[PDB]
Amino acid sequence: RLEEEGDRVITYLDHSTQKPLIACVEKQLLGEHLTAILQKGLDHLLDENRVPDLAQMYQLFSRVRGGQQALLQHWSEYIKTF
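In this text, residue positions in the sequence shown follow PDB author numbering: the first is 266, and each later residue adds one.
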């Protein structure tokens, strides 16, 4: 969704508008859902060692809400439990 906006801000909009639009895309699609995604997906991926998906989560959860630490908490709980 962000990439599609990235194209639309070039295709027809004045690209100077891109900053607040893409900031809003990530805030609304990733930021607001930081813990929703981590809680639903990370525990599973860690147990199955689904590296390709774990890599994406680590890399993507690094901006709007920090992402790190939240990743650490679910990760730590897995380790101690098992």
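Heads up, the beta-carbon is just placed ideally off N, CA and C, and yes, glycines get one too.
Worksheet entry | Beta-carbon separation (whole angstroms), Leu278 vs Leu307, contact threshold 8 angstroms | Along the sequence shown, one-based indexing puts residue 278 at 13. Along the sequence shown, one-based indexing puts residue 307 at 42. Contact doesn't hold; Cβ gap of about 35 angstroms is too wide.
Practice prompt. List the endpoints of the continuous alpha helix (DSSP H) containing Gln293.
Written response: As a working mapping, residue 293 is identified with position 28 in the sequence shown. Run containing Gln293: none; DSSP gives neither H nor E here.
Worksheet entry | Neighbourhood of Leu299 by C-beta distance below 7 angstroms, restricted to the same chain and skipping five residues each side | Sequence index remark: in the sequence shown, residue 299 carries index 34 (1-based). For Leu299, where only same-chain residues beyond five positions count, the Cβ hits under 7 angstroms are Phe326, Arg330, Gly332 and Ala335.
Practice prompt. For the stretch 281 to 339, list the alpha helix (DSSP H) runs that are entirely contained and at least 4 residues long, ordered along the chain.
Written response: Qualifying alpha helix (DSSP H) stretches, in chain order: 283 to 291, 299 to 302, 308 to 313 and 316 to 325.
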